[PDB]
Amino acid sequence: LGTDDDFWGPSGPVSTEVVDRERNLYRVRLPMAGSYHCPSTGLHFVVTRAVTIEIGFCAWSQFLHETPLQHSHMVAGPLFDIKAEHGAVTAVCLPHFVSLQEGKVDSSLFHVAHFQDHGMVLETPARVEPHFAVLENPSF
């Protein structure tokens, strides 16, 4: 419910709706197939049909600890709880704040973490861009 949190889409802007202000739970009704970009969060979605996506803000501290497995991985972007119907989402672009303009960061060292019920899954991105990583056919 604000011009700052709009998604840019093929038929113009689509407004994010607040579902729970105190828990940072939001919702967007993408009106048709195509590519949508939210500059406020850095999220992009490529969808195949109209679909409702809801998006919660999370903290890694609940999920990522200093364990023998997780210790060698650094937080590189925000953590989102995303829910959308299967088969509707071609790709999600998850933002990251690592600078790649200098040839200092190997792109094969990026992963998408996915914290399911039985523990952390580590997903090699389809590709890594300057400010986001792409996950194809996500099962949220």
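Counting begins at 1, following the sequence as shown.
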For the higher mean C-alpha B factor in the entry, choose 76 to 84 or 99 to 107. 99 to 107
Averaged over C-alpha atoms, is the B-factor higher for 48 to 56 or for 88 to 96 in this PDB entry? 48 to 56
Sorting the chain's modelled residues by C-alpha B-factor, tell me whether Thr41 ends up in the lowest, middle or highest third. lowest
Please rank the C-alpha B-factors of the chain's modelled residues and tell me whether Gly9 sits in the lowest, middle or highest third. middle
Against its chain's modelled residues, does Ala33's Cα B factor rank lowest, middle or highest third? middle
